[PDB]
């Protein structure tokens, strides 16, 4: 009782099941040359094979969203596919081909993504999955990325070098709501416009952040920052700078802002825009401010001790 609706070279199939999918696709194969987009969203499909889709050699867009796909979705052999949407499924491991330009795969169980070597740019949407490290994405998936959304995953650390194959293409990196406690790596991201590392667990905004010197928008809101690398410099591009919700030593703010006066101004404007106030509200009134941010006097080695003792164990 399945239905194949159609509009030009774009087809949609409804009321299909694992048991009737094979038949539906046979019917579709009758006009395979005209199949540029196939929409299978909303069904109870629990699996689909590249082999099933192999005969559709002109297929550029495939929509599998809101099915019940699980385990491995391997479509690496669909050489023509440019856009794949499997939002809202249960996929654990995902493999896609050399023509992928846009990959929507939010709200799955994904812990592994692989992308065949390609030449174009990639936009990758992986919010709300089970990614625990950037190397869960293979090197193809980390090359020539333009937009990368990894929010609401379980990433523990970040090494910018692992994104070096996107140094010239990456424009947006969202890593908010992970559990990142350490960042390192020096990469010149020539095109990076936005970096979101808010709601992670960072204690030190270190020299690695020169990798983001050129951004327009950056947030480390609601981390656990105590210190900032005084040598960091941002550019005139910066319009949004959010370090609210941390635990800064006053000295570190004085040092950093002393050589980034315009950043101090951007910080104040950013807080004003978001809360209607020129400074953030502190949790403990025994706290003052340096510019817009709360801070405490952690002179001597107290600040360094908070950072070291924050992770008093060997490095994984």
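Numbering follows the first chain given and starts at 1.
Using the B-factors recorded in the PDB entry, average over the C-alpha atoms of 229-237 and of 105-113, then report which stretch comes out higher.
Here the higher of the two C-alpha B-factor means belongs to 229-237.
Higher-scoring stretch by recorded Cα B factor average, 306-314 or 3-11
Of 3-11 and 306-314, the stretch with the higher C-alpha B-factor average is 3-11.
Between 49, 252, 46, 269, which carries the biggest CA temperature factor in the record?
The record points to 49.
Among modelled residues of the same chain, the CA temperature factor third for residue 76
Answer is middle: the recorded C-alpha B-factor places it there.
Should residue 294 be placed in the lowest, middle or highest third of its chain by the C-alpha B factor in the entry?
CA B-factor rank for residue 294: lowest third.
Please say which third, lowest, middle or highest, residue 222 falls into when its CA temperature factor is compared across its chain.
Within its chain, residue 222 is a lowest-third residue by C-alpha B-factor, going by the deposited values.
Position of residue 120 among the chain's modelled residues by C-alpha B-factor, lowest, middle or highest third:
Ranked within chain, residue 120 CA B lands in the highest tercile.
Is the Cα B-factor recorded for residue 207 in the lowest, middle or highest third of its chain?
According to the entry, residue 207 has a C-alpha B-factor in the chain's middle third.
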